[PDB]
Amino acid sequence: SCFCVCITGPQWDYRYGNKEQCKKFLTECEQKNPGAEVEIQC
C-alpha cells in the first residue's frame, strides 16, 4: 500500500492507495499544481 502527497502552500492533499492510484495522484498533482511538493512511498 502506498502513501502519496501533493502540497500546495496551505492546502495539503494526501492519498493512501495502490501504486496505480498514487501514480495517478501525482500525475493529477503535476497537471494542476506545477509547483507542488510531492511524495510517493510504497
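Per chain, the count goes from 1 following the written sequence and can depart from the entry's numbering; residues without coordinates do not appear at all. Note that water and hydrogens are dropped before the side-chain values are worked out from all heavy atoms of the structure. Residues with missing side-chain atoms are left out of burial classes, side-chain pairs and their counts.

A. Quick peek at the state of the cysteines. With its sulfur 2.0 Å from that of its partner, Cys4 forms a disulfide with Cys22. As the torsion about the S-S bond is roughly -85 degrees, the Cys4-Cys22 disulfide counts as left-handed. Taken as a pair, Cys4 in strand β1 (residues 2-8) and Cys22 in helix α1 (residues 19-32) lie far apart in primary sequence, 18 residues in all. Count a disulfide wherever a pair of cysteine sulfur atoms falls within 2.5 Å. Each disulfide in the protein chain links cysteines that, numbered along the sequence, combine into the pattern 1-6, 2-4, 3-5. Secondary structure follows DSSP: runs of H or I at least 4 residues long count as helices, runs of E at least 2 residues long count as strands, and numbering of each begins at the N terminus.

B. Spotlight on the packing of aromatic side chains. Ring centres of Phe3 and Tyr14 lie 6.0 Å apart, and the angle between their planes is 10 degrees; on these two criteria the pair is classed as stacked. A residue pair is termed long-range when its members are at least 10 positions apart, and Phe3 in strand β1 and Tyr14 in strand β2 (residues 11-17) qualify at 11 residues. In this scheme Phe, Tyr and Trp rings, the latter by its six-membered ring, pair at centre separations within 6.5 Å, and the angle between planes marks the pair as stacked below 30 degrees, edge-to-face above 60, and tilted otherwise. With a centroid separation of 5.0 Å and 45 degrees between ring planes, the pair formed by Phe3 and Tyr16 is classed as tilted. Of the two residues, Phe3 is situated in strand β1 and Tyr16 in strand β2; the sequence distance between them amounts to 13 residues. Pairwise contacts between aromatic rings join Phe3, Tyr14 and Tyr16 into one cluster.

Note that all results are geometric; they support no functional claim without further evidence.
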